[PDB]
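The structure appears right after this line, and notes come after that.
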Amino acid sequence: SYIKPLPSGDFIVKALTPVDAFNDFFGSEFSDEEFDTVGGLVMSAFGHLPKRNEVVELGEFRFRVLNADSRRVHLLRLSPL
Numbered sequence: 001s002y003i004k005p006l007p008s009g010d011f012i013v014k015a016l017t018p019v020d021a022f023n024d025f026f027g028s029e030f031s032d033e034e035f036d037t038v039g040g041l042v043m044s045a046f047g048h049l050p051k052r053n054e055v056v057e058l059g060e061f062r063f064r065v066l067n068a069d070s071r072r073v074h075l076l077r078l079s080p081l
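Under PDB author numbering, the residue at position 50 of the sequence shown is numbered 50, and the numbers go up by one with no gaps.
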C-alpha cells in the first residue's frame, strides 16, 4: 500500500504514508509529533510545493519527487544515503 520496493534497493513511497509507518518500515526516527505524513515532512524541508525531480536529503535518506500535482506531493523515490 504505502511503499513499493524497487530492484535498485530504493522504494517508491506514497506522500500520504504516516510518519509512524515510515519509521517502522525504514528504521528512521522522524518526528511523528511534528509531522503527520511523509509529504508534510518533505514539503516542510523544501518550504514550497516541489516539482518532479526535486530532491531533499533528510536523516539517512534521499527523497526525490516522482509525482506531484498543483496542490501536493504524491510519490517520492527513497534512496539510502
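Quick reminder that beta carbons are idealized off the backbone N, C-alpha and C, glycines included.
Pair within 8 Å by beta-carbon distance, residue i and residue j
{"i": "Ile12", "j": "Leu66", "result": "yes"}
Assumed close pair residue i, residue j - CB separation to whole angstroms, cut-off 8 Å
{"i": "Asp10", "j": "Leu78", "result": "6 Å"}
{"i": "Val38", "j": "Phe22", "result": "5 Å"}
Residue burial classification, residue i (beta-carbon count within 10 angstroms, cutoff 16)
{"i": "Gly47", "result": "exposed"}
{"i": "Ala15", "result": "buried"}
{"i": "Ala45", "result": "exposed"}
{"i": "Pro50", "result": "buried"}
{"i": "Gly27", "result": "exposed"}
{"i": "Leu41", "result": "buried"}
{"i": "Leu76", "result": "buried"}
{"i": "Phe25", "result": "exposed"}
Under the three-state DSSP convention, the category residue i falls into
{"i": "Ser44", "result": "helix"}
{"i": "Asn53", "result": "coil"}
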